[PDB]
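For reference, the structure is listed below as structure tokens.
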Amino acid sequence: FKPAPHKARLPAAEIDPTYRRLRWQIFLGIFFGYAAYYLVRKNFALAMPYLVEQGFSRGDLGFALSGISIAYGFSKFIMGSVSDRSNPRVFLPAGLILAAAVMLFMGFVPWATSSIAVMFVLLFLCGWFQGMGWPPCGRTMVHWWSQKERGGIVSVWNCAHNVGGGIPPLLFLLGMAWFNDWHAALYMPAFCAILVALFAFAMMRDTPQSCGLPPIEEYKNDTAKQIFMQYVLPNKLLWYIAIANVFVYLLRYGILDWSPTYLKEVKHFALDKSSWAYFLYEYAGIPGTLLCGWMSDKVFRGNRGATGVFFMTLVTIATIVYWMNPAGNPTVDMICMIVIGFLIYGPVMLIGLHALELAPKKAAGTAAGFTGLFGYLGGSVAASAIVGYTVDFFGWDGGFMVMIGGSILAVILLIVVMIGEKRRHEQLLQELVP
């Protein structure tokens, strides 16, 4: 049984010194701990093109992949309290290895891996476990030090999905030679994830327990859900960006979860470069997104909707050119992928930020969060499931129709939120009226 606090004070003249280390120490912990989860989500994707040379794949597999998101979905509804009770040091590795092991269940046991939604169910757990991963990472950051946190986080949101999610096709690519079987080498990435998990456990801590000093060191010292229903629920404005975020997320994931599979269906050059792109795409987001921020602050003078516009437009132009390509896509897709990815995150971050302004004082928090989930939740189901099915009764072309089309609205919609937010401003004028 764990939770366990076990706190005991040994201050002893110069706890400061063991703090510097206990902080430089722990930060890598949760950061890489969190990063490790991402090796685990997008393994099945890589499975599908390998998997199903065999009639297996309908476009159904997408429904199967669809699992991860749903569980992550029903997940936060309750895990949000558990980590609060339990201890971040254990709970984080305890969730990873718990999940990353499950993946191993698939990569090795035939019945388990090839059944047509036996996987849905196995995968579904993955989602649930994936759930735990972040909130202890949250409880920790609370124990860093107030009014500093803004910084520790800046780094965590934007780098964490990419540093980890872009490495797995690389391992599979490598595990091909050593573990010859192709239909199922989606296990090798998971093999190492457990390893990071240990490292995670071996370096994190609560930090109340050895110092005994609630973060003072500078003497910072600092209603219900209703808010969502009261301030966020109608907000016809917040809705538009949320219904917009969706398609943004569908262009990102739908283009990405198929990237290996669609390559080698048509434009089939090789697995070698295929997987070397998926890496490149997810990793190339780091520099861009980082820039998307500065360009947005310096060039667009703080207008977030408009930066999405600049970026959202730029992402769409690439997606279509890349849509128009024959077996001469070799030196087009490399750049194509490097680019698509480079920008897709731009609006993901911007909307959220945008949301903060679209409502009152506390609403921001739950206002900006609502967006992320309405966005991610749906964005995926469609990104994965629907696309697959929009290829069975239709061609593969109709795939991009929903994707390219999807983006198109995100912008038109991002426009409306821009007009609307400003029309709203003009009305305070009527406040003086009677």
>> So, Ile167, is that one surrounded by 15 or more Cβ atoms within 10 Å (Cβ to Cβ), touching an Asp or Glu at 6+ places or on another chain (Cβ under 9 Å), β-branched (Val, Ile, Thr) and closer than 30 Å to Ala270 by Cα or not?
In response: yes
> Any idea which of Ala242, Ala224 is among the small types (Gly, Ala, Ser) and either under 30 Å from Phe311 (Cβ atoms) or in contact with a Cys (Cβ under 8 Å, 6 or more places away or on another chain) (or both)?
Replying inline: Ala242
> Taking the range 1-29 as the search range and keeping residues that are in contact with a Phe, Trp or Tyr (Cβ under 9 Å, 6 or more places away or on another chain) and either of a type outside the set (A, V, I, L, M, F, W, C) or within 22 Å of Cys126 (Cβ to Cβ) (or both), which one is surrounded by the fewest Cβ atoms within 10 Å (Cβ to Cβ)?
Replying inline: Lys2
>> Just to be sure before I move on: is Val52 assigned by CATH to the domain that holds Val90 and at positive phi in the structure I sent?
In response: yes
> What is the number of the single condition among (1) closer than 16 Å to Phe247 by Cβ; (2) surrounded by 24 or more Cβ atoms within 10 Å (Cβ to Cβ) that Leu377 does not meet?
Replying inline: (2)
> Before we move on, is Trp134 surrounded by 15 or more Cβ atoms within 10 Å (Cβ to Cβ) and either of a type in the set (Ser, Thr, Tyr) or in contact with a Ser or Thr (Cβ under 9 Å, 6 or more places away or on another chain) (or both)?
Replying inline: yes
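Suppose we filter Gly62, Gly133 for residues that are under 18 Å from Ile194 (Cβ atoms) and touching a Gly at 6+ places or on another chain (Cβ under 8 Å); which single one remains? Can you show your working first?
Values: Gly62 fails: under 18 Å from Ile194 (Cβ atoms).
Only one candidate qualifies: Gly133.
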> Any idea which residue in the range 264-306 is surrounded by the most Cβ atoms within 10 Å (Cβ to Cβ), counting only those that are within 11 Å of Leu343 (Cα to Cα) and among the β-branched types (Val, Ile, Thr)?
Replying inline: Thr289
> Residues in the range 399-434 that are over 32 Å from the mean Cα position of the chain (by Cα) and either outside the structural domain of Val315 (by CATH) or of a type outside the set (A, V, I, L, M, F, W, C) (or both): how many?
Replying inline: 8
> Restricting attention to the range 344-354, and to residues there that are surrounded by fewer than 24 Cβ atoms within 10 Å (Cβ to Cβ) and hydrophobic (A, V, I, L, M, F, W, C), which single residue is nearest to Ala277 (Cα to Cα)?
Replying inline: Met349
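The values are calculated or read from the model by the stated rules, or taken from the named source; none is laboratory data. Because the Cβ atoms are built from the backbone with ideal geometry, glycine has one as well, and the counts that use them run over all protein chains shown.
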